[PDB]
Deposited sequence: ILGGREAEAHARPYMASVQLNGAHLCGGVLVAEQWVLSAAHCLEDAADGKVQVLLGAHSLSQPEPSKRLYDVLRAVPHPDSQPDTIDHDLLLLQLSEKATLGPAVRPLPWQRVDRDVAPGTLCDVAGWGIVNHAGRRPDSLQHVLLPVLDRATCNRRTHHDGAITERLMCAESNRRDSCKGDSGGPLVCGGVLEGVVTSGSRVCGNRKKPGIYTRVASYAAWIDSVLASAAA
């Protein structure tokens, strides 16, 4: 997260760090007791998911690390596109739930967010162009763009200096308390106004998300 601030500790209890070789790789959103929604290029080795965290390195009682029983890339995802860029990760067991660890509801109605609406994106992504990695969860509020400016399964938000960036991929874009977007995982210039943030619209994939939650 560029131009954001440190989030309040555990105030976003759905936030997951998707980790490889014990290091934060991507963001995730807890969408059910046993499932974390991230993006597809995060999977691309041994995948783990950290729930209940604010600090990636410090002790916190609500911190739990989980292995992954199954990883489910969207089937139309390809390694060179940002199309269909979602990944469902099934935790080794049900998340121990509580005030720090709790699923966020997700948009099932396929209707765009109103342009100009400020939405919240959070991550342990880089916080400047030198690649500084934050120990603690960051976030920022961002204005959703009209589709004509962004130029149907994608949405854009303002990238004027405030932005999602590397290591925020797979994280949440949340509007009026509901998950609307997942940070795409493709390389892009960050914090340039003429090059908006891109996010996958979960409402577009409502049938696939239910199907995967339903084969459990």
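Stretches of the record's deposited sequence for which the structure holds no C-alpha atoms: Residues lacking C-alpha coordinates: 45-48, 156-165, 231-232.
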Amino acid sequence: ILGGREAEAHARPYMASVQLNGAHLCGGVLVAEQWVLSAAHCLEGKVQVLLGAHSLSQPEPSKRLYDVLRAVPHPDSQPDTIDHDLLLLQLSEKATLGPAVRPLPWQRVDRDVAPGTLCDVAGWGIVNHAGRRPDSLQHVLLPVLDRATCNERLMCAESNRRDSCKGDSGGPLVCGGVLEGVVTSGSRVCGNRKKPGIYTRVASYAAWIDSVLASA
From here on, numbers count along this sequence of modelled residues.
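On average, which has the higher Cα B-factor in the deposited entry, 23-31 or 65-73? The stretch with the larger average C-alpha B-factor is 65-73.
Do the CA atoms of 53-61 or those of 169-177 have the higher mean B-factor in the entry? Looking at the recorded C-alpha B-factors, 53-61 comes out higher on average.
Quick one: which of 89, 114, 101, 121 has the biggest Cα B-factor according to the entry? Answer, based on the entry's C-alpha B-factors: 114.
Looking at 81, 128, 138, 96, which has the biggest Cα B factor in the entry? Out of 81, 128, 138, 96, the record gives the largest C-alpha B-factor to 96.
Report the third (lowest, middle or highest) to which the CA temperature factor of residue 189 belongs, ranking only the modelled residues of the same chain. Middle third by C-alpha B-factor.
Considering only modelled residues of the same chain, in which third does the CA B-factor of residue 148 rank: lowest, middle or highest? According to the entry, residue 148 has a C-alpha B-factor in the chain's highest third.
Please place residue 154 in the lowest, middle or highest third of its chain by C-alpha B factor as given in the entry. Middle third - that is where residue 154 ends up once the chain's C-alpha B-factors are sorted.
With respect to C-alpha B-factor, does residue 16 fall in the lowest, middle or highest third of the chain as deposited? Lowest third - that is where residue 16 ends up once the chain's C-alpha B-factors are sorted.
Among the modelled residues of this chain, does the Cα B factor of residue 207 put it in the lowest, middle or highest third? Highest third, going by the recorded CA B-factors of the chain.
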